[PDB]
Structure formats: C-alpha cells, structure tokens
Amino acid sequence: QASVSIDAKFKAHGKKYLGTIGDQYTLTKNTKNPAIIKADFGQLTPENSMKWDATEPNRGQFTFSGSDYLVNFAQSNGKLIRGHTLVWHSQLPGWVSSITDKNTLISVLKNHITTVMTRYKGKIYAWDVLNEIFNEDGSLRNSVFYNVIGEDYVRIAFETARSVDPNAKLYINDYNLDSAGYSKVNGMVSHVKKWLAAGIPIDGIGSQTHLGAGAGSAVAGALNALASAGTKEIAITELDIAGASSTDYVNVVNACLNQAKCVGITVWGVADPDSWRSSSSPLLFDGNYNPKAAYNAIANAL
C-alpha cells in the first residue's frame, strides 16, 4: 500500500474514483495486493467473474461464486463496483453463438441481462452492457448478436438493463478510442448520437485505453471527441500502458481530469505480474507489489 492514495487525490478534484480490478485469486494470493486495493483505489471491476462464460456456462444455469466474492469484497470495503460485461462476442459460451433464431436469441439475451443484473441490483455503480461492438472502421461488428438480431439488439440490451436496475449507469465499452479523428472514435460518436436521439438509455461511453509507450498525449483529444456523442458521462475503463512511464500515465490522468464528462479511471490491474500484458510491465505497482515511479508521479500531479 502506498502512503498516498491516488484515489483520494483524484476524488479531491471532483472525480468519482480511480480504481482497479480484482477477483478471488488476486485478492488472496498475498497480503499486499488486497491491502493496496483498500488503501489506494476506490472502485473495482471484476476481472473475469461477471462475463457470460463465467456466469451462464449452460443455457439458463448460472454460476455466481466468483462474482459474489468480488461484489462482497468491494461492498465490505466501500469500493464502487463496475459490472463487466453483459453482452460481448468474446468469452461467450458456444451455446449462445450457435443460436440462429432471432426471437430465441432475444429471449436469451434478456434473460442473461436480467438474471445477472437482478442479483446485484442496487450495488452496481455502472454496467458495461455492451462491450466491443465496433469494427476498427466504425461499423458494427458482425457478432452473433448483430448477425441474428440486427442493430436492434443495442436497444434491447440497454432497455432491459434500464428497467432491471434503474440505479446503474449503462455503458457501451470499447478499445482503440484513443485519438481524435480515429475511425473507431468517429463510429462510436455517430452511432451513440443516433441511439441517444432514438431514446436508447446509454448513460456513458467507456474507453478501455490499453496503450503502447508514447500513446498517452493523444488520449485527451480522444476524450474530447467522445464527449460530443452527448452521453451524461464517459470513463477510462481498462487503463494500462506498456513501459508504465510517468509521462504516459500523468498524461492519461490529466486527460480525464480536464474533461468534465470523465468521471473516473480504472487501471486494469494493480501489479505487473498479475497483468494480462505482464511482459510489458504496464501497471502502477511492480513485481514486489511496491509503487513504481508512475504511481508517485500520478500522486504529485494531483
């Protein structure tokens, strides 16, 4: 645990949280990791426990052991929770992707959103209702949901989410929304404008922000472009930067800090060894679970 909480300092600027992720294993593999989370971060996103494959492995049969643990840990420690993720083409059981009948997929989609959301009704700050639905060119990804239901699945997912838990902020999340002018950003902005204009309840846009070295300075403009979609808020949902340089991390923090719609930042992991991109050392804490330079730099900029 770092003596200075970057979460506490970010919140001091009117922001809602600067969080990270977790699940049973990383919350118990040692004493330092959970201690870092409780001291320096104020929000948690389950790393894998809330996804389709982990929650509904078989049609109509749910498994909530992992997600229960993550939610309970967060709630027991005053951590805001971001549900992740309801509708996605990756980590999706084969029984879903094999469905060809429209009405049958709609029934399934709604049952999954309803059961997973109902179980944590009132405890979830935000839900990533839809994840990675765009192709790099800004067009809709031909996932099973898109191929079988059509564009209407977007309305269906959000409208089900809204009615089931009107307390959660409904988000559409995606990666590569990292520079103004990029085709995917334009595609995300134009589609959300259209969807909001039609009455679809999309409260926020989540930008993953999985960066390479040197990509930090462009994030500010990306957030500015996304703000044009017209959503109530936006957020950096899965932040990590190869090399974890102070320049890149501070640039990303300032990008959010200086944009009024950006409510928070979630670092996709606490320490490097537990990162999904571990070979690049893209996190704020090192192999010894000690604050790296970026963590202190982020602290001194707030």
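Numbering starts at 1 and runs along the sequence shown.
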Mind pulling up the entry and telling me whether 290-298 or 16-24 has the higher mean Cα temperature factor?
-> 290-298
Stretch exceeding the other in mean C-alpha B-factor - 101-109, 212-220 = 212-220
Pick out which of 128, 203, 151, 178 has the highest C-alpha B-factor in the PDB entry.
-> 151
Which one of 247, 33, 259, 49 shows the biggest C-alpha B-factor in the PDB entry?
-> 247
So, residue 60's CA B-factor, relative to its chain, sits in which third? The highest
Chain-wide C-alpha B factor ranking for residue 69, given as lowest, middle or highest third | lowest
Sorting the chain's CA B-factors, does residue 171 end up in the lowest, middle or highest third?
-> lowest
Which third of the chain does residue 251 land in by C-alpha B-factor: lowest, middle or highest?
-> highest
Lowest, middle or highest third: where is residue 266 by Cα B-factor in its chain?
-> lowest
